[PDB]
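Below: the structure, in structure tokens.
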Amino acid sequence: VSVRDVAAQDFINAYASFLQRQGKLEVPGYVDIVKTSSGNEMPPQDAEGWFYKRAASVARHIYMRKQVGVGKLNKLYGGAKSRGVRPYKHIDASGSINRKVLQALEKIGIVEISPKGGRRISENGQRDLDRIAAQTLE
Amino acid sequence: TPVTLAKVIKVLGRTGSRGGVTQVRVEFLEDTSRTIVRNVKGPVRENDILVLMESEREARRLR
Amino acid sequence: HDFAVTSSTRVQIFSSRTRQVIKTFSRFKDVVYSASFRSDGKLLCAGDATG
Amino acid sequence: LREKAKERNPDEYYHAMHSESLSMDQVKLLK
Amino acid sequence: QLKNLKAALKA
Amino acid sequence: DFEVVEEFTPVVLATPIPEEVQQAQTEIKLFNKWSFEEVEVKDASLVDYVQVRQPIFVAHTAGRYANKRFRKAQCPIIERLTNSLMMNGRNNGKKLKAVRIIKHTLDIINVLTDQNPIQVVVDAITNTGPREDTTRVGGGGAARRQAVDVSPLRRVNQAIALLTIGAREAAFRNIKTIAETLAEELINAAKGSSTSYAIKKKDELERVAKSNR
Amino acid sequence: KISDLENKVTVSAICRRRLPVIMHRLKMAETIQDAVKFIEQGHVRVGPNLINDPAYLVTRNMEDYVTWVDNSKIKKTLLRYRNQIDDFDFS
Amino acid sequence: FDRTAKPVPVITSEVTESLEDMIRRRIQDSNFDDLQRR
Amino acid sequence: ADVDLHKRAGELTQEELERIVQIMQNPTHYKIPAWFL
Amino acid sequence: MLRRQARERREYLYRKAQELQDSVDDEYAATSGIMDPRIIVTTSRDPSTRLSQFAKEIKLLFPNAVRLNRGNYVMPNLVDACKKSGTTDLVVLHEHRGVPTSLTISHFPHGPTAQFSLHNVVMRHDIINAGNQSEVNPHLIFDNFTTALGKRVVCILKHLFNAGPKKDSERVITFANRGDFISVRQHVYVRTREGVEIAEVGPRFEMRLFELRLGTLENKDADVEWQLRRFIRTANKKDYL
Amino acid sequence: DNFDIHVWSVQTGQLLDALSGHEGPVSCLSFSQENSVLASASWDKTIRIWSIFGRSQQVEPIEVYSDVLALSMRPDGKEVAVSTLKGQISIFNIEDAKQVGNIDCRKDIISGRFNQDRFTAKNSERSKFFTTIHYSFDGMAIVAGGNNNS
Amino acid sequence: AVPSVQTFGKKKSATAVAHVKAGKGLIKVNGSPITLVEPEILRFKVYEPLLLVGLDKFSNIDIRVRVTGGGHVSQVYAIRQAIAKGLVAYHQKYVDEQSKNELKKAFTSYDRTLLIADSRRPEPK
Amino acid sequence: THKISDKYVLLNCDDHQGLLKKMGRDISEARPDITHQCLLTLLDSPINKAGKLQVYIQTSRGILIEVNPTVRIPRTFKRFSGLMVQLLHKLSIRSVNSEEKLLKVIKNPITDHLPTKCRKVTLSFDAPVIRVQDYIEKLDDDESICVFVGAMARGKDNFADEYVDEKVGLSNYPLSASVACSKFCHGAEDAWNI
Amino acid sequence: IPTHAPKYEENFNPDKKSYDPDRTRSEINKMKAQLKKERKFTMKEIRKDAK
RNA sequence: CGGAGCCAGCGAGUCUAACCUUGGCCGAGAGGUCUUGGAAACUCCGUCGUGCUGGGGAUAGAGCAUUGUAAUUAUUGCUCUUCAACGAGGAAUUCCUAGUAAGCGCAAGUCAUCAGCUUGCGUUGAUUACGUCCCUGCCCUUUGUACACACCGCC
């Protein structure tokens with residue numbers, strides 16, 4: 001088993017449900033106000049858990065990639081923008097939310113600070129991530 | 001109305017037709033004998049059967 | 001394995017394996033009254049109050 | 001070198017084309 | 001061009 | 001009596017392939033749901049212009065089907081259907097959107113009226129496509145019509161164009177969308193109800209042809 | 001050139017159509033000393049057919065198609081070093 | 001000040017009159033320099 | 001005001017209606033920052 | 001056959017250098033009057049409607065021309081597909097807000113590519129409804145081409161027309177040099193008893209040569225036979241810089 | 001060595017057109033007998049179905065794996081057989097462009113061991129192809145011969 | 001030292017290199033198994049190379065496929081081309097030639113764009 | 001219209017002496033007032049108050065102008081002519097809240113914008129007149145009815161001789177066009193229970 | 001039928017601009033247009049002078 | 001709308017103590033600060049909803065910063081309200097035949113033109129003719145010479 005063996009949704013929302021019913025995340029508190037970007041036009045629709053889903057998504061994403069930082073995660077989670085009548089140009093995501101979810105993963109023990117900067121998978125989190133994908137396939 | 005099926009056997013070139021309407025020499029299927037010239041609209045190859053509602057009226061030029 | 005409940009303006013369907021709400025139906029312009037299933041279990045007929 | 005790349009001649013052949021728990025410094029002593 | 005020009009210039 | 005055995009071990013690859021896929025490996029069904037066997041064209045004169053003799057898996061066989069005169073009459077009928085359906089100003093090159101709405105469309109014509117959806121679309125094509133037609137004869141400037149016939153390629157082309165633009169006109173901006181309105185318009189044209197836009201236009205064209213024949 | 005064929009077409013030009021020196025100018029070999037070894041081992045075709053005698057004069061209209069055969073060790077190691085060995089068509 | 005290049009030659013009725021009497025004198029000579037079948 | 005965002009306006013009885021009017025009339029001390037204005 | 005196109009273009013560079021030492025030129029002497037040339041006209045990329053009707057006017061201007069569509073045609077396989085079609089000239093048009101500005105002529109079988117800025121155009125599609133063009137294989141007239149560069153541009157510019165027109169062949173096309181600005185008009189006429197009366201029709205413009213490269217259109221490594229010098233301190237003092 | 005397909009009118013002995021289209025040298029031609037299409041075949045691994053009559057000049061390329069020699073056409077004008085350089089025969093429908101089948105013929109020809117060799121007598125691809133093909137007039141049998149004695 | 005074979009396939013700009021070697025069934029695209037191909041609606045377009053011939057011709061092999069470049073549907077056409085011609089090359093040079101040209105006849109009877117691509121660009125009318 | 005200088009002036013018969021011959025046609029047929037009176041009676045008819053119509057007026061110049069049932073035409077003629085060139089130039093005029101749209105110009109032909117199944121008649125003084133009540137009552141209630149009522153002053157009603165079949169009128173008498181369309185709308189009222 | 005009144009203006013000229021409701025921005029609409037056409041005129045004329 | 005996934009290709013002259021970057025931290029946001037080095041369209045899963053609609057953002061106010069010395073005619077970004085106009089465009093007209101029309105972004109700025117833009121690069125990708133000289137026209141010919149067989153046989 002691995003994380004690459006299981007698809008996007010079937011790993012991400014399963015790990016989100018796992019981190020939900022564990023509850024060891026400590027959500028930022030200024031959740032339910034924020035927009036995950038500067039170009040969204042609403043907060044997320046499932047405010048009792050979108051932080052858990054985002055934590056699972058960044059866990060999968062740093063499993064698949066090697067070493068990431070908050071600026072790279074911002075540039076990747078950003079998108080287009082209906083800024084007005086003018087033609088459209090790319091925007092960035094929300095650095096405070098990305099730093100909060102990476103600090104939450106640091107205090108859990110899934111990620112850790114690597115050389116050349118950046119955050120990578122720890123050993124306990126490495127054992128932890130693919131197990132819930134194995135129970136997904138189970 | 002009794003519709004009938006009929007197989008084309010020769011697309012008459014060189015006739016003076018309306019652009020987009022090609023004459024053709026079709027022949028029936030209930031008997032394989034009696035032929036009739038009709039004028040069809042779309043792209044038509046040889047020996048692809050087309051449908052006829054009128055059974056007896058011959059065709060002509062389209063000026 | 002599924003059952004449908006009919007609240008006001010909001011029809012839910014639950015599953016028998018976990019007993020939590022799994023799907024909703026809320027395109028109802030008034031209170032919604034009768035929820036029923038076809039015998040092949042594939043389509044839900046809901047009679048509401050607008051008609 | 002761009003001109004030689006545009007005339008690469010794709011059938012050239014010669015005989016020469018056949019082929020931690022430590023600190024930083026002691027990896028050199030190891031190798 | 002030539003038709004109407006030549007006709008108008010001769011007639 | 002008679003018996004042929006070819007495989008002997010139970011073949012299971014190291015990657016787990018889904019059971020519907022290794023069931024489909026026996027006989028190719030469309031979208032892994034619909035057999036191209038037992039589909040016949042109940043009308044004559046449109047066989048070899050619709051094409052339901054090749055079991056494909058999904059209507060995206062992107063071969064070159066237009067650089068000859070008549071060789072757009074051999075790519076299959078539902079691929080011509082989704083390719084004719086893909087085009088408007090809001091969508092060109094949105095073919096995966098067109099494929100997913102044709103998938104929802106034939107799925108719900110199954111869940112309403114289970115004959116099988118490719119049978120429904122084929123005899124819908126045959127009942128839709130008109131049989132006589134009118135052209136503008138010249139006459140120096142007189143607006144006189146004249147009656148001609150239509151080749152089967154023109155019948156199939158105008159049939160898929162009438163079905164697609166009828167679903168467009170039926171879900172331009174009202175309650176439903178293009179998927180279920182193509183479903184309802186196509187089952188009306190398959191049954192022959194004369195309530196669909198397709199058979200309305202066929203009856204109108206044949207009526208004016210019959211009138212000024 | 002019409003009348004000055006008296007002076008230029010010499011040994012150094014009439015031997016310049018030879019398959020070893022055309023091979024070396026096409027850079028298919030290191031030198032003539034192993035280009036003759038290759039085309040004597042019978043690895044080198046010109047046109048559709050293989051050519052083995054190392055005195056062949058490749059003409060003007062055949063210089064474009066003097067290439068290695070499929071299924072040969074040198075073609076295999078060339079495609080291996082370039083790492084493009086498309087092994088469907090034999091090599 | 002000074003400028004780099006001559007600007008675009010604006011098309012005036014005088015320059016189209018000189019071009020037209022050039023070409024009509026030329027074809028009154030019928031001295032058009034086309035190719036030949038050779 | 002703790003209302004499910006699809007429990008439509010024909011619903012939502014008096015304690016939630018008084019609560020949301022109380023939010024809209026006293027909007028400072030409900031942990032809403034200068035986002036509000 | 002990349003070694004074949006490289007060998008033939010290297011032979012072409014040698015032939016051009018040898019002819020420039022021992023100075024119809026070298027690139028055109030095989031086909032000066034035998035083969036009637038064929039011309040492929042394209043626009044830049046996703047053209048405007050005004051540019052497209054200008055390209056239609058150019059295709060109607062000189063015959064044996066097709067107006068090939070240009071959207072997502074990559075330039076190298078465009079020119080090598082044109083080579084495998086075995087036609088002779090390519091003509092590319094670059095616009096600016098509907099006003100055409102660049103006319104690139106490329107005699108693409110390893111031949112020269114000239115490039116022309118294209119200043120003041122007038123399109124008959126947006127002035128005059130008078131009917132069709134004449135479309136006869138025309139006559140050509142050229143005014144004071146005397147420089148060596150002038151002979152080169154008149155060679156590569158008149159070797160794209162139909163060879164050997166008749167006496168009755170009506171339309172004349174002029175290329176007049178007014179201080180390094182080739183002005184182009186084209187006319188039809190009749191012979192009156194007093195003289196001749198012309199009729200202006202089709203496009204009019206003027207083009208200034210600004211590059212003339214020996215390679216084909218796609219390469220950009222082509223050795224420059226001539227390009228103008230905008231920033232010498234004697235730019236506006238002579239012609240054919 | 002000019003990569004083209006020339007056509008002449010046999011009524012007036014002039015060159016009709018320099019019917020180009022390939023990228024390399026052509027090697028084998030045939031006209032049909034029922035629609036009179038041309039079926040050229042050239043060393044750019046490509047056969048090329050041409051229709052040169054009636055206002056169109058329709059081109060249609062078909063792309064084979066290896067190099068191509070030795071074309072022949074069935075006398076009912078419905079398909080065309082072509083050899084390859086990779087010891088194979090293919091047959092192509094021509095109102096379509098799909099194949100019908102490829103006869104593999106590189107294991108059943110015995111070229112001879114030359115007296116000017118270092119190599120073996122079987123592995124050396126000397127004439128492991130078919131330089132000439134022909135159909136039979138019933139339409140089924142195909143005879144084929146190459147530079148080897150088989 | 002295992003019997004390996006390597007093939008290439010490419011639509012418009014995508015490129016797919018496939019390494020077929022004697023394995024036990026697993027089929028990988030960038031490490032991820034063949035069940036998870038990204039655009040999710042052409043998964044049968046990538047299945048049908050290993051569905052025309054039966055999985056028993058895939059029981060003995062395993063395929064690792066790296067894919068770079070190109071868009072979504074060009075990538076999935078490149079994967080189906082690499083899978084098909086890698087399977088026929090492995091059967092060309094490691095098991096029987098009758099099985100090889102039986103596979104080749106089956107693929108060229110379904111459609112020959114599964115094996116070779118019309119890679120010659122346009123007509124100048 | 002005619003932009004003279006100053007600004008527009010409409011084309012009536014009575015608004016000048018010789019602008020009709022100045023443009024190059026006849027003052028005897030310069031007749032927009034019968035169009036105004038005919039359309040205002042069609043708008044103020046009770047079947048229009050019930051909303052069973054849509055009025056496509058047109059001219060000789062090929063244009064097609066649709067008016068809604070909800071149009072309140074100005075009651076005078078001078079305000080109507082002031083509205084007319086606003087229609088003929090801006091091609092679209094609003095309501096008092098400016099969201100909707102009531103007097104539009106549409107594409108040709110009229111047969112495109114007509115309903116799916118519809119019976120086609122004209123005004124025909126040269127016709128055996130069927131009684132309008134049982135004429136509408138004859139056919140069933142799935143195909144619509146259209147009248148191609150001419151706003152001609154004098155001449156032949158051959159304008160729609162390419163789709164219209166049933167050449168029928170209201171009498172053999174000299175009527176006005178407002179009376180003809182009002183007789184047909186009242187016959188539709190008696191046919192459809194209004 | 002709910003009936004509405006068509007908005008239009010007496011002696012309607014398309015060449016003239018429409019009846020401005022607000023006098024406080026009517027002159028700025030006239031001048032932000034005039035200014036733009038006069039700026040285009042003076043820039044076109046000075047560059048023709050320069051050439 | 002809200003989450004989630006994912007694939008390109010052209011391109012390579014820099015401020016290197018104030019430019020561009022990898023990474024840490026601060027703020028919802030823009031941006032700041034400290035250190036290192038010199039890809040949209042698309043797909044999937046959820047929420048509305050046939051309504052000037054939430055599409056739509058023109059305009060006005062309020063607040064946080066970056067820079068233009070010092071706002072002092074609001075330097076541009078962001079946050080919340082204010083929700084005007086606007087509903088696919090007549091007469092006609094123009095263009096277009098396959099990796100084409102079209103949709104989509106990404107680069108560069110290559111002596112002439114182009115920054116409001118210009119040119120390249122890829123991505124997705126169809127419908128309809130592919131015949132006819134009837135209409136509009138344009139052109140050619142009216143000694144067959146061209147050497148067999150055949151056909152035409154005084155413009």
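Letters for chains follow the order of the structure tokens (A, B, ...), residue numbers begin at 1 for each chain, and ligand numbers begin at 1 in the order shown.
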As a list in words, please: the residues near residue 141 (chain J) (cut-off 7 Å, only C-alpha atoms (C1' of nucleotides), same-chain neighbours under 4 positions excluded). residues 32 and 33 of chain H; 172, 173, 174 and 175 of chain J
File of the preceding selection, N, CA and C atoms, as a PDB file, in the first residue's frame:
```
ATOM      1  N   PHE H  32       6.650  47.741 -70.706  1.00  0.00           N
ATOM      2  CA  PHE H  32       6.483  47.026 -69.450  1.00  0.00           C
ATOM      3  C   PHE H  32       7.466  45.867 -69.392  1.00  0.00           C
ATOM      4  N   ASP H  33       8.186  45.771 -68.279  1.00  0.00           N
ATOM      5  CA  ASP H  33       9.271  44.809 -68.124  1.00  0.00           C
ATOM      6  C   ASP H  33       8.777  43.634 -67.289  1.00  0.00           C
TER       7      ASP H  33
ATOM      8  N   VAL J 172      -1.835  46.333 -65.394  1.00  0.00           N
ATOM      9  CA  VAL J 172      -0.431  46.603 -65.146  1.00  0.00           C
ATOM     10  C   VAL J 172      -0.261  46.840 -63.657  1.00  0.00           C
ATOM     11  N   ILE J 173       0.871  46.411 -63.125  1.00  0.00           N
ATOM     12  CA  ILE J 173       1.160  46.559 -61.709  1.00  0.00           C
ATOM     13  C   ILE J 173       2.456  47.335 -61.600  1.00  0.00           C
ATOM     14  N   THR J 174       2.428  48.448 -60.883  1.00  0.00           N
ATOM     15  CA  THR J 174       3.603  49.296 -60.821  1.00  0.00           C
ATOM     16  C   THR J 174       4.332  49.139 -59.498  1.00  0.00           C
ATOM     17  N   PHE J 175       5.650  49.256 -59.568  1.00  0.00           N
ATOM     18  CA  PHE J 175       6.519  49.281 -58.398  1.00  0.00           C
ATOM     19  C   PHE J 175       7.444  50.469 -58.623  1.00  0.00           C
TER      20      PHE J 175
END
```
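Using only C-alpha atoms (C1' of nucleotides), the protein and nucleic acid residues lying no more than 12 Å from residue 41 (chain C), apart from those fewer than 2 places from it along its own chain, are residues 1, 2, 3, 4, 36, 37, 38, 39, 43, 44 and 45 of chain C; 111 of chain F.
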Selection from above, N, CA and C atoms, as a PDB file, in the first residue's frame, can you write it?
```pdb
ATOM      1  N   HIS C   1     -31.117  -0.699   2.308  1.00  0.00           N
ATOM      2  CA  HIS C   1     -30.032  -0.130   3.073  1.00  0.00           C
ATOM      3  C   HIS C   1     -30.186   1.369   3.255  1.00  0.00           C
ATOM      4  N   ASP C   2     -31.213   1.978   2.668  1.00  0.00           N
ATOM      5  CA  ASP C   2     -31.412   3.415   2.700  1.00  0.00           C
ATOM      6  C   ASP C   2     -32.841   3.714   3.112  1.00  0.00           C
ATOM      7  N   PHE C   3     -33.025   4.822   3.825  1.00  0.00           N
ATOM      8  CA  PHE C   3     -34.379   5.307   4.045  1.00  0.00           C
ATOM      9  C   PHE C   3     -34.435   6.818   3.884  1.00  0.00           C
ATOM     10  N   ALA C   4     -35.573   7.278   3.377  1.00  0.00           N
ATOM     11  CA  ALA C   4     -35.821   8.677   3.070  1.00  0.00           C
ATOM     12  C   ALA C   4     -36.782   9.256   4.090  1.00  0.00           C
ATOM     13  N   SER C  36     -41.131   8.878  -1.802  1.00  0.00           N
ATOM     14  CA  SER C  36     -41.270   7.466  -2.109  1.00  0.00           C
ATOM     15  C   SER C  36     -40.212   7.063  -3.121  1.00  0.00           C
ATOM     16  N   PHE C  37     -39.993   5.760  -3.220  1.00  0.00           N
ATOM     17  CA  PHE C  37     -38.966   5.193  -4.074  1.00  0.00           C
ATOM     18  C   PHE C  37     -39.617   4.374  -5.176  1.00  0.00           C
ATOM     19  N   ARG C  38     -38.971   4.310  -6.336  1.00  0.00           N
ATOM     20  CA  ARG C  38     -39.433   3.310  -7.283  1.00  0.00           C
ATOM     21  C   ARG C  38     -38.928   1.932  -6.863  1.00  0.00           C
ATOM     22  N   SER C  39     -39.619   0.893  -7.342  1.00  0.00           N
ATOM     23  CA  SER C  39     -39.352  -0.472  -6.905  1.00  0.00           C
ATOM     24  C   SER C  39     -38.005  -1.000  -7.380  1.00  0.00           C
ATOM     25  N   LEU C  43     -35.029   5.836  -8.336  1.00  0.00           N
ATOM     26  CA  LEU C  43     -35.506   7.200  -8.482  1.00  0.00           C
ATOM     27  C   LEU C  43     -36.536   7.535  -7.418  1.00  0.00           C
ATOM     28  N   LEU C  44     -36.379   8.737  -6.871  1.00  0.00           N
ATOM     29  CA  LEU C  44     -37.124   9.234  -5.726  1.00  0.00           C
ATOM     30  C   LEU C  44     -38.197  10.197  -6.210  1.00  0.00           C
ATOM     31  N   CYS C  45     -39.447   9.897  -5.887  1.00  0.00           N
ATOM     32  CA  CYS C  45     -40.558  10.777  -6.204  1.00  0.00           C
ATOM     33  C   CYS C  45     -40.963  11.522  -4.944  1.00  0.00           C
TER      34      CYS C  45
ATOM     35  N   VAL F 111     -32.828   5.148 -17.264  1.00  0.00           N
ATOM     36  CA  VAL F 111     -33.572   5.041 -16.011  1.00  0.00           C
ATOM     37  C   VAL F 111     -35.037   5.408 -16.214  1.00  0.00           C
TER      38      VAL F 111
END
```
Could I get the residues of region 29-49 of chain C with an atom no further than 12 Å from an atom of region 6-26 of chain I, each paired with its nearest atom pair and that distance in Å to one decimal, using only C-alpha atoms, sorted by chain and residue number, as a Markdown table?
```
| residue | atom | partner | partner_atom | distance |
| --- | --- | --- | --- | --- |
| C:29 | CA | I:8 | CA | 10.2 |
| C:30 | CA | I:10 | CA | 8.7 |
| C:31 | CA | I:10 | CA | 9.2 |
```
Could you please determine the separation between CA of residue 49 (chain B) and CA of residue 20 (chain B) in Å, to one decimal place?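 Spanning CA of residue 49 (chain B) to CA of residue 20 (chain B) is a straight-line distance of 19.1 Å.
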Non-local contacts of region 97-103 of chain O (10 Å; only C-alpha atoms (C1' of nucleotides); under 6 positions in same chain excluded) as an NGL selection string: (:F and (64-67 or 87-94)) or (:J and (68-73)) or (:L and (12 or 121-123 or 125)) or (:O and (41 or 124-130))
As a ChimeraX atom specification, please: the residues near region 33-36 of chain B (cut-off 12 Å, only C-alpha atoms (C1' of nucleotides), same-chain neighbours under 5 positions excluded). /B:6-10,23-28,52,54-60
Could you tell me, as a PyMOL selection string, which residues of region 12-192 of chain M DSSP assigns to helix (DSSP H, G or I) when given the backbone? chain M and resi 19-23+27-29+33-44+46-50+78-90+110-113+132-138+177-191
Please run DSSP on the backbone and report, as a PyMOL selection string, all residues within region 60-119 of chain M that come out as strand (DSSP E or B). chain M and resi 64-67+71+92-93+103-106+118-119
Kindly export the residues of the current selection with N, CA and C atoms, as a tab-separated table (two decimals), in the first residue's frame.
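Printed below is again_33.tsv as written:
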```
chain	number	residue	atom	x	y	z
M	64	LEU	N	-38.54	44.51	-39.53
M	64	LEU	CA	-39.59	43.84	-38.79
M	64	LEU	C	-39.58	44.34	-37.36
M	65	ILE	N	-40.70	44.91	-36.92
M	65	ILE	CA	-40.80	45.57	-35.63
M	65	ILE	C	-41.85	44.84	-34.81
M	66	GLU	N	-41.43	44.23	-33.72
M	66	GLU	CA	-42.35	43.54	-32.82
M	66	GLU	C	-42.75	44.48	-31.70
M	67	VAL	N	-44.06	44.56	-31.42
M	67	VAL	CA	-44.55	45.21	-30.22
M	67	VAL	C	-45.21	44.14	-29.36
M	71	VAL	N	-47.68	47.22	-24.58
M	71	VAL	CA	-47.24	48.53	-25.04
M	71	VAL	C	-48.37	49.53	-24.86
M	92	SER	N	-34.52	49.99	-29.98
M	92	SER	CA	-34.93	49.39	-28.72
M	92	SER	C	-35.31	50.48	-27.72
M	93	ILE	N	-36.53	50.45	-27.20
M	93	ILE	CA	-36.94	51.42	-26.20
M	93	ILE	C	-37.50	50.69	-24.99
M	103	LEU	N	-40.73	47.41	-27.50
M	103	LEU	CA	-40.88	47.79	-28.90
M	103	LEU	C	-39.53	47.51	-29.57
M	104	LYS	N	-39.37	46.28	-30.07
M	104	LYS	CA	-38.08	45.79	-30.52
M	104	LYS	C	-38.06	45.66	-32.04
M	105	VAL	N	-36.86	45.66	-32.60
M	105	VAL	CA	-36.62	45.35	-34.01
M	105	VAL	C	-35.95	43.99	-34.07
M	106	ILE	N	-36.43	43.11	-34.94
M	106	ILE	CA	-35.95	41.74	-34.99
M	106	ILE	C	-35.54	41.38	-36.41
M	118	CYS	N	-49.13	27.56	-37.57
M	118	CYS	CA	-49.98	28.74	-37.62
M	118	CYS	C	-50.64	28.85	-38.98
M	119	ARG	N	-51.90	29.29	-38.99
M	119	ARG	CA	-52.64	29.52	-40.22
M	119	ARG	C	-52.44	30.95	-40.70
```
Tell me which protein, DNA and RNA residues are within 7 Å of region 18-27 of chain D, counting only C-alpha atoms (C1' of nucleotides), leaving out same-chain ones fewer than 4 positions away, and put them as a compact mmCIF listing (two decimals) with N, CA, C and O atoms, in the first residue's frame.
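Once written, out_27.txt looks like this:
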```txt
# COMPACT_ATOMS: atom_id res chain seq x y z
N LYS D 31 34.31 7.94 1.74
CA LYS D 31 34.35 7.61 0.32
C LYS D 31 35.76 7.39 -0.19
O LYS D 31 35.93 6.70 -1.20
N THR G 77 23.76 0.21 -29.80
CA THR G 77 24.51 0.96 -28.79
C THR G 77 24.44 2.47 -29.02
O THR G 77 24.55 3.23 -28.06
N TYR G 81 23.11 4.77 -26.02
CA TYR G 81 23.80 5.92 -25.45
C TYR G 81 22.94 7.17 -25.52
O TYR G 81 22.91 7.97 -24.58
```
Tell me as a PyMOL selection string which residues belonging to chain K come within 9 Å of chain J, counting only C-alpha atoms. chain K and resi 4+18-24+44
Just how far from CA of residue 11 (chain B) is CA of residue 48 (chain B), in Å to one decimal?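 So the two atoms, CA of residue 48 (chain B) and CA of residue 11 (chain B), lie 11.5 Å apart.
What chain L places within 6 Å of chain O, counting only C-alpha atoms (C1' of nucleotides), is residues 39, 69, 70, 71 and 72 of chain L.
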Near region 9-22 of chain N, counting only C-alpha atoms (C1' of nucleotides), which residues have an atom at most 7 Å away, once you skip same-chain residues fewer than 3 positions from it, shown as a ChimeraX atom specification? /M:7-8,82,86 /N:25-26
10 Å contacts from chain A to chain O using only C-alpha atoms (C1' of nucleotides), as number ranges by chain: A: 7-9, 12-13, 30-31, 33-46, 50, 53-54, 57, 68-72, 79-80, 83-85, 88-90, 94-97, 99, 115-119
Residues of chain M within 10 Å of chain F, counting only C-alpha atoms, what are they? List them as a ChimeraX atom specification. /M:116-117,161-163
Taking N, CA and C atoms for each residue, export the selection above as a compact mmCIF listing (two decimals), in the first residue's frame.
```txt
# COMPACT_ATOMS: atom_id res chain seq x y z
N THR M 116 -44.85 27.87 -34.23
CA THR M 116 -44.51 26.65 -34.94
C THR M 116 -45.57 26.31 -35.98
N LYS M 117 -46.79 26.07 -35.55
CA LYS M 117 -47.90 25.80 -36.44
C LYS M 117 -48.84 26.99 -36.40
N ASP M 161 -47.19 36.76 -50.59
CA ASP M 161 -47.64 35.75 -51.53
C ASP M 161 -46.66 34.59 -51.64
N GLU M 162 -45.89 34.34 -50.58
CA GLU M 162 -44.94 33.24 -50.52
C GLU M 162 -45.21 32.28 -49.37
N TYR M 163 -46.07 32.63 -48.43
CA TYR M 163 -46.44 31.73 -47.35
C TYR M 163 -47.95 31.66 -47.14
```
